[PDB]
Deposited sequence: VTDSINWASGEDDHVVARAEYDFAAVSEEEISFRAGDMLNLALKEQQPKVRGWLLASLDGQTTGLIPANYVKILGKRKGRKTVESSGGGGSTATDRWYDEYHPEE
């Protein structure tokens, strides 16, 4: 998955809270962690959840309201989904 590694375009988000996956479908993260999100066009519709990667390889669901969306970032190859990410 090129969005997860940052090879493809992705959205960047910062974790607000700690989260432990309860299910195989979810991924764990710590408060302050930076995650890559799939673009709108690759996002599944699961109410309360977004598709993300913490480690660049595994992907899974995170609670949408546990992260702040920071903006879209170009691959190496609620309105913040549009703005570009400025580190």
- Where are the gaps relative to the deposited sequence? 1-4, 82-93, 104-105
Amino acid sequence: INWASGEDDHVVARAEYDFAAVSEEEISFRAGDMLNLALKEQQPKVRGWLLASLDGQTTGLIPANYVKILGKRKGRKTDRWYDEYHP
From here on, numbers count along this sequence of modelled residues.
- Query: Per the PDB record, is the mean Cα temperature factor higher over 78-86 or over 3-11?
  - Reply: 78-86
- Message: For the chain shown, is the CA B-factor of residue 70 in the lowest, middle or highest third of its modelled residues?
- Response: highest
